């Protein structure tokens, strides 16, 4: 019988991770339109943008107007990505429902991406919590959890130390991110099992990129050891411009199709999501790495010759 604990919670990040690396600018009102459409698909969380330097990520420099302009569904948490105190204050002014703080477990990647050390990142996070606790809610992301494109292997003890530091600040919602798609299923089971001894399945998000084709295999491996919250991008958009060779997030409609075929519950309308994904080539001017947008679902049968 279906159990409350079975639900896989699909969280949408195409407006942020998807668009930050897209070659072409997406106009502000079309970003708003995309989020308004995603808001009809069943997601509990949508990462609607970032509050970062416009010199670093020019594609997301309209975050304030995007957050101002979208239709707020009462049962959706609209998340903004935050690197420091200045971004946190911007996000609160824009009434982001949740601030997603981000640093990398790799010192080299944190310097390349945030232009500061991990210690400096956490110094900012401490000030953010001191000023804004009780005025908003927080998520703590550890990027390059499963390896780094610069440093290679990443110490799992260091990942856990960073998670514990988030907890010490009272931030118990945690994302582990595979920024350049370096994770494998055995490694995922080991890391997720250990982090789930610190926090609960309601608190842990896994954020996989599909750079080496293991994205959905890693989702299922994490699910098998109890993880339930997963980030994905419509059409398989995404990648970080400062992680070399980064590529798309796992594709939302491919993830939802996997769940639907296996029997894992989601609250996402798959048919409607595929239709929305198929509008992306016209919006962006190129095709996207979505298998379901190309092929359709199993029940899309073909006429007999």
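Residue numbers count along the first chain shown, from 1.
- Mean CA temperature factor is higher for 236-244 when stretches 236-244 and 56-64 are set side by side in the entry.
- As listed in the deposited structure, the average C-alpha B-factor of 22-30 and of 264-272 is greater for 22-30.
- Across the residues 151, 178, 202, 231, the deposited record lists the maximum Cα B factor for 151.
- Of the candidates 128, 214, 186, 96, the one whose C-alpha carries the top B factor in the deposited record is 128.
- When the modelled residues of the chain are ordered by C-alpha B-factor, residue 122 sits in the highest third.
- Among the modelled residues of the chain, residue 16 sits in the lowest third by CA temperature factor in this PDB entry.
- Sorting the modelled residues of the chain by their CA temperature factor places residue 83 in the middle third.
- Among all modelled residues in this chain, the alpha-carbon of residue 9 has a temperature factor (C-alpha) in the lowest third.
- In this PDB entry, the Cα temperature factor of residue 116 sits in the top third of its chain's modelled residues, the highest group.
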